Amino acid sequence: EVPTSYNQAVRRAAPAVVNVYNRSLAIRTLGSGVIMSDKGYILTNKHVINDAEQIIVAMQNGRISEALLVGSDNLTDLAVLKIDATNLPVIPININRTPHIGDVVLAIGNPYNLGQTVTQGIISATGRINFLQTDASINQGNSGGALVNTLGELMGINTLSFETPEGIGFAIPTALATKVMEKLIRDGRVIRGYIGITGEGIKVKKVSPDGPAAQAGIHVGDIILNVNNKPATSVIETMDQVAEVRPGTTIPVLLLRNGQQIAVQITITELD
């Protein structure tokens, strides 16, 4: 008796989704952003704001503001902007809502600078490399905008679209995005731990010179066994681990060097 509609989601979330314009000596590129906090913090993708000399944020209520850059993270392609904090709409965030495959979602952004657009699809996959996959159509200009469920709750920040493939696009999920945002607000960057190692236990195909591995006693050909008390079998898994250790933290490692077992103290520096 009533038409099926996700307009309530749109009314809840779209006022917090902004149009982001990267200007330099006119518009160099453009995209979208999401108002995360009533203090004026906005998430967007780093590739939207790269090389900006001036960052303009336009709200759907027609307010236009200049933005400051709080910080950015190349590894997640996120950036935080800050605008004047008066009477801002904020995106709905439900910290208890896990994105499930098949959840209906809406992507909200500014594809082709047509003005704010809302497209619909579902959560197609999760865990993709930390990505959500979706077939809500995402186009150039959508980057940095919101993927929301039918309650308007933020599911992720839309980032990129994959014969021409159809209906394959990706978003950084909310939990990760918000964690990156908080680190950027606090530290002005995402502090990750670094070890100077390229690998495929794990073989050190290459040590990094000036790399806490080399300057620790580690050399090529080794097999690392334990990294800070944890077996080190998979590279992504082990690099994810190392990322987590604070810099200036002094960890034990365990290596095999020609059929013997030498524990190594390496001290974690900050990744560049």
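Residue numbers run from 1 along the displayed sequence.
Scan the PDB entry between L25 and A26 and report the missing deposited residues as one of none, 1 to 3, 4 to 9, 10 or more. Gap size class: 4 to 9 residues without coordinates, per the record.
Unmodelled stretch of the deposited sequence separating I129 from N130, binned as none, 1 to 3, 4 to 9 or 10 or more: In the record, 4 to 9 residues between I129 and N130 lack coordinates.
Greater mean Cα temperature factor according to the PDB record, 243-251 or 218-226: Per the deposited B-factors, the answer is 218-226.
Tell me which of 83-91 and 174-182 has the higher mean C-alpha B-factor in the deposited entry. Between 83-91 and 174-182, it is 83-91.
Reading the B-factor column of the entry, which of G62, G31, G211, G40 has the highest value at its C-alpha atom? In the PDB entry, the greatest C-alpha B-factor among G62, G31, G211, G40 is found at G211.
Report the option among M155, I202, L106, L160 whose CA atom has the maximum B-factor in the deposited record. Of the options given, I202 has the highest CA B-factor in the PDB entry.
For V235, return the chain-relative third of its C-alpha B-factor as stated in the PDB record: lowest, middle or highest. It belongs to the highest third of the chain when residues are ordered by C-alpha B-factor.
Check where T150 lands among this chain's C-alpha B-factors and tell me if it's the lowest, middle or highest third. Answer is lowest: the recorded C-alpha B-factor places it there.
Taking the entry's C-alpha B-factors for this chain, is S137 in the lowest, middle or highest third? Bottom third by C-alpha B-factor.
Rank-wise, by C-alpha B-factor, drop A52 into the lowest, middle or highest third of its chain. Its C-alpha B-factor, which the entry lists for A52, ranks in the middle third among residues of this chain.
Can you tell me which third, lowest, middle or highest, the CA B-factor of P165 falls into for its chain? Middle third, going by the recorded CA B-factors of the chain.
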